[PDB]
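J.: pasting the structure only:
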């Protein structure tokens, strides 16, 4: 599998959440292929 990011639970601030979302752009891309 590709680089899977950590889930924003307690750190689910709009800041880190955006980082997560931006990283999903990379993750979910390879993940969809996988």
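T.: It's in. Residues are numbered from 1 along each chain as shown.
J.: Can you name the residues that contact residue 3?
T.: 23, 26, 27, 30 (Cβ atoms under 8 Å, 6 or more residues apart in numbering). From N, CA and C alone the C-beta is placed, and that goes for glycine too.
J.: where's it relative to residue 22, distance?
T.: Look at residue 3 and residue 22: by Cβ to Cβ, to the nearest Å, they are 13 Å apart.
J.: what's the overlap in contacts for these two?
T.: Between them, residue 3 and residue 22 share no contacting residue, judged by Cβ under 8 Å, 6+ apart.
J.: I would like the residues contacting stretch 22-31, please.
T.: Stretch 22-31 is contacted from outside by 1, 2, 3, 4, 5, using Cβ under 8 Å, 6+ apart.
J.: residue boundaries of the helices in this structure?
T.: 14-33 (DSSP state H).
J.: what's around the nearest residue to residue 4 once chain neighbours are set aside, how many residues?
T.: Excluding the flanking residues, the one nearest residue 4 by Cβ to Cβ, 6 or more residues apart in numbering is residue 27, at 5.9 Å. Around residue 27 there are 17 other residues, counting by other Cβ atoms under 10 Å.
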